[PDB]
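In what follows, a single structure is set out as structure tokens and then discussed.
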Amino acid sequence: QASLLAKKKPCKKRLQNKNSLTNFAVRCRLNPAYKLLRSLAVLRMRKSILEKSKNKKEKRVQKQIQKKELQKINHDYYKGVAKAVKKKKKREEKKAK
Amino acid sequence: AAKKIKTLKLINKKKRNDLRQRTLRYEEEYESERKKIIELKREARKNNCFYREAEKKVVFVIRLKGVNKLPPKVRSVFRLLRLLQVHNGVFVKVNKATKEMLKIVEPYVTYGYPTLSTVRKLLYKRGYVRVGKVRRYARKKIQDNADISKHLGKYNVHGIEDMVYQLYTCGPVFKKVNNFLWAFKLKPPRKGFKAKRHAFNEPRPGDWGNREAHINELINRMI
Amino acid sequence: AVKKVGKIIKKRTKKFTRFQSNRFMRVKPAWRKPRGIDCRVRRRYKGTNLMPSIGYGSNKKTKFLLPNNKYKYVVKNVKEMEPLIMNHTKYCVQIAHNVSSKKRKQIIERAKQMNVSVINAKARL
Amino acid sequence: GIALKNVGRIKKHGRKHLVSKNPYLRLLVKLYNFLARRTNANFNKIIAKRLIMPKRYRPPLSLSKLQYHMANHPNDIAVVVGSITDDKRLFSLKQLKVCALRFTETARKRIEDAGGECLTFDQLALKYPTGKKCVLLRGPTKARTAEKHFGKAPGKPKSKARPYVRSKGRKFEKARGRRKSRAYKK
Amino acid sequence: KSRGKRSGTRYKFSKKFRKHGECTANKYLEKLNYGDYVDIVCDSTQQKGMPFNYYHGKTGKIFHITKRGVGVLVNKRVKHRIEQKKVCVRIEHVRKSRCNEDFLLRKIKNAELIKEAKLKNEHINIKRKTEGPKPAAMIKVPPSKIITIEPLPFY
Amino acid sequence: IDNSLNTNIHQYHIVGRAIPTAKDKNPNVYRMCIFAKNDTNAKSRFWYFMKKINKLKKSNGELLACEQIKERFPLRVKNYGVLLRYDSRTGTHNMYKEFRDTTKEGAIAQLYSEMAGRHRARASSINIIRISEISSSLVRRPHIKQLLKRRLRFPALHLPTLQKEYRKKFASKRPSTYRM
Amino acid sequence: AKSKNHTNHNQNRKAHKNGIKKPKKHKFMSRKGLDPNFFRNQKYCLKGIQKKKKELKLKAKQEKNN
RNA sequence: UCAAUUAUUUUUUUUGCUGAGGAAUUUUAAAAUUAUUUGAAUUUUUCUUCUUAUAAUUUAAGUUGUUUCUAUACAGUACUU
RNA sequence: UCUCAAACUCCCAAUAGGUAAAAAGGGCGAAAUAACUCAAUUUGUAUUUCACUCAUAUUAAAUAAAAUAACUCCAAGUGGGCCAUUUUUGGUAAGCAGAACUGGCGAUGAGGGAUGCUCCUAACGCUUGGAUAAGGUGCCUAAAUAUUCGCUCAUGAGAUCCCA
Numbered sequence: 299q300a301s302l303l304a305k306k307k308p309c310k311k312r313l314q315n316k317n318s319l320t321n322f323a324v325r326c327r328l329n330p331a332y333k334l335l336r337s338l339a340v341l342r343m344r345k346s347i348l349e350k351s352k353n354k355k356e357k358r359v360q361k362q363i364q365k366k367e368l369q370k371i372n373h374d375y376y377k378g379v380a381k382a383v384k385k386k387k388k389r390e391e392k393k394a395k
Numbered sequence: 035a036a037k038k039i040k041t042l043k044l045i046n047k048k049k050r051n052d053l054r055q056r057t058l059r060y061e062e063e064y065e066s067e068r069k070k071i072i073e074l075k076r077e078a079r080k081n082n083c084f085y086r087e088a089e090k091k092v093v094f095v096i097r098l099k100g101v102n103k104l105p106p107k108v109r110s111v112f113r114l115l116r117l118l119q120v121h122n123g124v125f126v127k128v129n130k131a132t133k134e135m136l137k138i139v140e141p142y143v144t145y146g147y148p149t150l151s152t153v154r155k156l157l158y159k160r161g162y163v164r165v166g167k168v169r170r171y172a173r174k175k176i177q178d179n180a181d182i183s184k185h186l187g188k189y190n191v192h193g194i195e196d197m198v199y200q201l202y203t204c205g206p207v208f209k210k211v212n213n214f215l216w217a218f219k220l221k222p223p224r225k226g227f228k229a230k231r232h233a234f235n236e237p238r239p240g241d242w243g244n245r246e247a248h249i250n251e252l253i254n255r256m257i
Numbered sequence: 002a003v004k005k006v007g008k009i010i011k012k013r014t015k016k017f018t019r020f021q022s023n024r025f026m027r028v029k030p031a032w033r034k035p036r037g038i039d040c041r042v043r044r045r046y047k048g049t050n051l052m053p054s055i056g057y058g059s060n061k062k063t064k065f066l067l068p069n070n071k072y073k074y075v076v077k078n079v080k081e082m083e084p085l086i087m088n089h090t091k092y093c094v095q096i097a098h099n100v101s102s103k104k105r106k107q108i109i110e111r112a113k114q115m116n117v118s119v120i121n122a123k124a125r126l
Numbered sequence: 002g003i004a005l006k007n008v009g010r011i012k013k014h015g016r017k018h019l020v021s022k023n024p025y026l027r028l029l030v031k032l033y034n035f036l037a038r039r040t041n042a043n044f045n046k047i048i049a050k051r052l053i054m055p056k057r058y059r060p061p062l063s064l065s066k067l068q069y070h071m072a073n074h075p076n077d078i079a080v081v082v083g084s085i086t087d088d089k090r091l092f093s094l095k096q097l098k099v100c101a102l103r104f105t106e107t108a109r110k111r112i113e114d115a116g117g118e119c120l121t122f123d124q125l126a127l128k129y130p131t132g133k134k135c136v137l138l139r140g141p142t143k144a145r146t147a148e149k150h151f152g153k154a155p156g157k158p159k160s161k162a163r164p165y166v167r168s169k170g171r172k173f174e175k176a177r178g179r180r181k182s183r184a185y186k187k
Numbered sequence: 004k005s006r007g008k009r010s011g012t013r014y015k016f017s018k019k020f021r022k023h024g025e026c027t028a029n030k031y032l033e034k035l036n037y038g039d040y041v042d043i044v045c046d047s048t049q050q051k052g053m054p055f056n057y058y059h060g061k062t063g064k065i066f067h068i069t070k071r072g073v074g075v076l077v078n079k080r081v082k083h084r085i086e087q088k089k090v091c092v093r094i095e096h097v098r099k100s101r102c103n104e105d106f107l108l109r110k111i112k113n114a115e116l117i118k119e120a121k122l123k124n125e126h127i128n129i130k131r132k133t134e135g136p137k138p139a140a141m142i143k144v145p146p147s148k149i150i151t152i153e154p155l156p157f158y
Numbered sequence: 005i006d007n008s009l010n011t012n013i014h015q016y017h018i019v020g021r022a023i024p025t026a027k028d029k030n031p032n033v034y035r036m037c038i039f040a041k042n043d044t045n046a047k048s049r050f051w052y053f054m055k056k057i058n059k060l061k062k063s064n065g066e067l068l069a070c071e072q073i074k075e076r077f078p079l080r081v082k083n084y085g086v087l088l089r090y091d092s093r094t095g096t097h098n099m100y101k102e103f104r105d106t107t108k109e110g111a112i113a114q115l116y117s118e119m120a121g122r123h124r125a126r127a128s129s130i131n132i133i134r135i136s137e138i139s140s141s142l143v144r145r146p147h148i149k150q151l152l153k154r155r156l157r158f159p160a161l162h163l164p165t166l167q168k169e170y171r172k173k174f175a176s177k178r179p180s181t182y183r184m
Numbered sequence: 002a003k004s005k006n007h008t009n010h011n012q013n014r015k016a017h018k019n020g021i022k023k024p025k026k027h028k029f030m031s032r033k034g035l036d037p038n039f040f041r042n043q044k045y046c047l048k049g050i051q052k053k054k055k056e057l058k059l060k061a062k063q064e065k066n067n
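Chains as they are written, first to last, in PDB author numbering: chain AF, 299 to 395; chain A5, 35 to 257; chain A8, 2 to 126; chain AS, 2 to 187; chain AV, 4 to 158; chain AU, 5 to 184; chain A4, 2 to 67.
The structure is reproduced here in structure tokens:
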């Protein structure tokens, strides 16, 4: 009896699984940080429209320089395509005669 | 005994605390990477030059096709790949070797690159894990941490969030973590497929092969 | 379809019929497995004499239990009722078909005293 | 569907519980299975597994062989999952301590006379819980005469399997097909 | 119908263009030790020790050496089973293999690299790289050097 | 926005080059625009062109950039001219068509529909060689010239069509084709 | 009567079923036919080394006994 | 007016089907939530976070409750078959 | 210079095939042993004994419901087969004769192909709910007399792989 190793305990009867995304307790139990992240998301969310409404103009205004630069990149892309059409056109025109 | 119960509570507290700090550090990393990619692309636009993003490192592969009438090599590759039952999904580590094997089974599988949201959702909602003794595993839905704190305790990547972190951008402890999960048994797509008959790149309706980014949209329909 | 009552689900009713017993007299009505080189029934053709198989079986925690909610025990003598006093809430006596009316009455009387249900109660009076 | 080796049903091989209907042997397997399940010691599991084994597999063991095995640690207790048989080749015996399933009558007399100790398995369990300071032994197993007819078939090159014959004289299976002189050699 | 010793060997055993003429003298000098790996490549400038068709293009361990003979352990697929076959050949056909040498070279290089790393106590992934995915990078292309294309008309 | 009138053909700008080696330190870089049903499909079509025109395959090359183009002014009309290479049952032909539309994307969607209808061209069997917006005075096909007239107007003469709510199985009297 | 005379069909399918078996890869093997001269020399070598080892072991044992 | 599509998130309107089990010492421990209590943090907060202690509770730890009815019946045309 | 070859070949793919990827081993040393070797009692060999020390906290490249493995015994039934893609020889061709690789069918239902041994889907314990495949959505017949752009009049239209 003294020699025998201590009693071991049998495997666990199957409950209904509990949802790992929408059951709040279950999710928190799985992931400890989730509560902080949700609360942070709610805290950002709370903030009403006035600040956003003034700010949007500022966001657009500081984008302007980027907007010009981007317009140039796409403008260049188009020009290259047009040039290819002209080069092919001369080639075809030469070929025809 | 009283000390052992007390000690157990202390271990339990330490683990939850440890996991939380790692979780926060991961969360900080993800946003930092995402923001930096945006900044890099804009920098490339600014000068004359192109940035290129890495090949995506992981690949989620979904099987598309029945048991019957399968070529013998293709069947063998499938067994190694680990997609048996017909809508089974698994993550695979992109390499050269894996990609070639994937190429052999290509007309029979869709596949692509996950994105973080897709991994997180899939791992919670449809993850099952291998519980039992060596090569006699038995399939248990994840549910709570003590299961994974057993097997991945040695490799220091325990915590379900920690499993998301290892998978999403290939961490060092990949082979065990992928192995440890049971293969994803998936439900069909809500608006159906278009044709298991053809490739996605065939200009018809069609579905097989590489779908890169778009795999997530498909996964979201069929979760 | 499924025949639920309370704690008792039995999946199947309509006692399985030996194929062809409808249309030849010699073919006995109680079940037989068809062998056959090709025959419908073994081959599981649509809508024809659906073969029994084990998965139909009653649940293992309610396997033999009568709608009495007590296990049936057949009794032909009052001595045999000596155990079943300790299970009066969970076994019910049936008095054996052979047992003559004088003895049968005695068995009914003993059972009533002992507070155990008697299923074929009105028999042979 | 799904595809798995033997459709996902694992196939273990060998015995599953004892065939023997003998009550004493049934009692012993119950006891050792209990010791096996509770303790983590490998001794208990192997004793349990060997105890279940069929009649051909557990052999009879000679005393002489047992002495040779015990020689380099004669302080300790040999356990043998079979019967121990006696020997007339063995001149003398240096007081061994032996657990066996069954003793031949003469051997028990000799061991006792030599001042040794004859243990039954129940006694072994009671005295020694984990096989502490024990030595598991078993006898010649392949040496059974039947097995000499097994292996790569008789009369297929070099192979040493015994044939089967009515009698082993010169007119029985010793001419055409076993020597250079008369067709092919063995 | 027939299936004799040199059956169907026409182009296989014949020499390539401009490779007729006796086995080179230098070739006898090559070293063979027990358990060395060795290819079995047929010739036909030598006739003795020519092996049967199947052992052409196969490679195995050397298990036995004689005056000019070399025993080679070769795997042969026989229906449901590989079994080991002792092909005795003469030296002209037996060629010292290279497949082994890749591993052997790797061992030598690894040993030096490991010794240095371990001395510094700098932990190291000596195992083979096995080419990963391409990592991210930033690339300058001059905007004047880029060329643009379209699929050609038919002719 | 209406899904029923939606199409999924977009234009993607793709830039790629050959993987650098000892032989090629700085490779010739290629860019193209390609009309596709998604970005992966765009890539595949680009790769097929890379195989057909240059010496390249996906395996020994790398993508420098992939970006969607979308029309600058999607609510003003343009006359798009397209030149195609296609394969028939006998053999191969070049052809030039004109389309009035609101974006390049619209033009290609109509063109695929047309090529299927008049020529039985499947999507596989069509190859776009150059699409560009063409001035009204330079239009070459009569049905487009008619649209380009000064005071375009005409009477409607198409049959009524209407929601499931009103498309009922019984009616008070015969409805009228006429309309006012 | 005319009846199909060969085919390898289905044989492969049977063959893979128990797998293509491997040899059992023993470390040592019999040296029977292998080179007379060299192996007889070896038999002498083994006898020599073994004899020296035995004599030393006996010497240690008898010395230990006293 | 403030798009469209990805990205990361956070909800909500109706609602279909399901409820195995039954914990003489893992139906606990922890999670979550509430009313308090102590120290920090920071997006600064009437769902702020963590962690210090105490009570309770369920989102934990697989369905429970109310009211009818069968019926104040004795086998009926209801109910089983 | 025009055109060519199963039984022609300067040259020559893909597919298929083999061997390789370390611990009962390998390293670099010493010392032993032999009637072998060599000129060589130390010239090697090979063995043996001692040393020193090689990655291993992802495992000397991946990946693996990779040990459901090995191996032994005893025995069964079977040894008429056939069909599809692709490769293919004879034959004018053949639901013909003969092969190659794989899958089937045979022994196999179920859903679809109207109808069918082999085609497609998919392989089957008993049920409840969910969402689909293959295929359809005028009625027979469950889903659209859907949307959207074309083409098409036929005084023997046309309409679904195999497949008529």
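Note that the Cβ used here is the ideal one computed from N, Cα and C, for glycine as well.
Member of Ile257 (chain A5), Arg255 (chain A5), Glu246 (chain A5), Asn254 (chain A5) whose CA lies at the smallest distance from the CA of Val93 (chain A5):
If you number the second sequence from 1, residue 93 (chain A5) lands on position 59. Nearest of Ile257 (chain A5), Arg255 (chain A5), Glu246 (chain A5), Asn254 (chain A5) to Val93 (chain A5), Cα basis: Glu246 (chain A5).
Applying a beta-carbon distance threshold of less than 7 angstroms, which residues of chain AV neighbour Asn19 (chain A4)?
Working through the seventh sequence from its first residue, we reach residue 19 (chain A4) at position 18. In chain order: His83.
Could you confirm whether any beta carbon from chain AU is found closer than 8 angstroms to the beta carbon of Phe234 (chain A5)?
On the second sequence, residue 234 (chain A5) is found 200 positions in, with the first residue counted as 1. By this cut-off, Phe234 (chain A5) is an interface position.
Locate the beta strand (DSSP E) running through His67 (chain AV), then write down its first and last residues.
Along the fifth sequence, one-based indexing puts residue 67 (chain AV) at 64. That run of the beta strand (DSSP E) goes 61-68.
Name the chain AF residues that come within less than 7 angstroms of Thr151 (chain AV), Cβ to Cβ?
For the purposes of this step, residue 151 (chain AV) is identified with residue 148 of the fifth sequence, where counting begins at 1. Within chain AF, the residues near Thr151 (chain AV) are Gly378, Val379, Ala382.
Along chain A5, which residues have their Cβ under 7 angstroms away from the Cβ of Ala4 (chain AS)?
Reading the fourth sequence from its first residue, position 3 is the one you call residue 4 (chain AS). Going along chain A5 in sequence order, the residues near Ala4 (chain AS) (Cβ under 7 angstroms) are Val101, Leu118.
What is the residue span of the alpha helix (DSSP H) that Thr107 (chain AU) lies within?
The residue labelled residue 107 (chain AU) in the question sits at position 103 within the sixth sequence. Element bounds for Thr107 (chain AU): n/a, residue is neither H nor E.
Exposure label - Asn235 (chain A5); buried when at least 16 CB within 10 Å
Along the second sequence, read from residue 1 onward, the residue named residue 235 (chain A5) stands at position 201. By the 10 Å Cβ count, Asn235 (chain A5) comes out buried.
What are the boundary residues of the alpha helix (DSSP H) that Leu87 (chain AU) is part of?
Stepping through the sixth sequence from its first residue, residue 87 (chain AU) is reached at position 83. First-last for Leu87 (chain AU): 82-91, but that is the beta strand (DSSP E), not the alpha helix (DSSP H).
Cβ-based contacts, 8 angstroms cut-off: residues of the segment 47-70 of chain AU near chain AV
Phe53, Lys56, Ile57, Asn58, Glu66, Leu68
Who are the Cβ neighbours of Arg177 (chain AS) in its own chain at under 8 angstroms, not counting the five residues just before and after it?
Position 176 of the fourth sequence holds residue 177 (chain AS). Cβ within range, chain order: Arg183, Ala184.
Exposed or buried, what is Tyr37 (chain AV) when buried is set at 16 or more other beta-carbons lying within 10 Å of its beta-carbon?
Residue numbering aside, residue 37 (chain AV) sits at position 34 when the fifth sequence is read from its first letter. That one is exposed.
Considering just the uninterrupted stretch of the alpha helix (DSSP H) at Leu52 (chain AS), what are its terminal residues?
Here residue 52 (chain AS) refers to the residue found at position 51 of the fourth sequence. Run containing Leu52 (chain AS): 43-53, per the alpha helix (DSSP H) assignment.
Kindly provide the ranges of any beta strand (DSSP E) runs that are 3 or more residues long and lie completely inside the segment 78-112 of chain AS, ordered along the chain.
78-86, 98-104
Taking Cβ-Cβ distances shorter than 7 angstroms, what residues in chain AF pair up with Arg54 (chain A5)?
Within the second sequence, residue 54 (chain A5) is the residue found at index 20, counting from 1. What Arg54 (chain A5) touches in chain AF: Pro330, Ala331.
Give the straight-line distance between the Cα atoms of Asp178 (chain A5) and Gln87 (chain AV), rounded to the nearest whole angstrom.
If you number the second sequence from 1, residue 178 (chain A5) lands on position 144. If you number the fifth sequence from 1, residue 87 (chain AV) lands on position 84. Each residue's alpha carbon lies about 54 angstroms from the other.
Burial state of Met197 (chain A5), where buried means 16 or more other Cβ atoms lie within 10 Å:
Numbered from 1 along the second sequence, position 163 holds the residue referred to as residue 197 (chain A5). Buried, since its Cβ has 16 or more Cβ neighbours within 10 Å.
Name the two residues that bound the continuous beta strand (DSSP E) containing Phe125 (chain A5).
Numbered from 1 along the second sequence, position 91 holds the residue referred to as residue 125 (chain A5). Element bounds for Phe125 (chain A5): 122-127.
By the three-class DSSP mapping on this structure, what secondary structure does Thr146 (chain AS) have?
Translated into the one-based positions of the fourth sequence, residue 146 (chain AS) becomes position 145. Note: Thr146 (chain AS) maps to helix in three-state DSSP.
Taking beta-carbon pairs under 7 angstroms, can you tell me which members of the segment 22-43 of chain AS lie near chain AF?
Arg39, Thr40, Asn41
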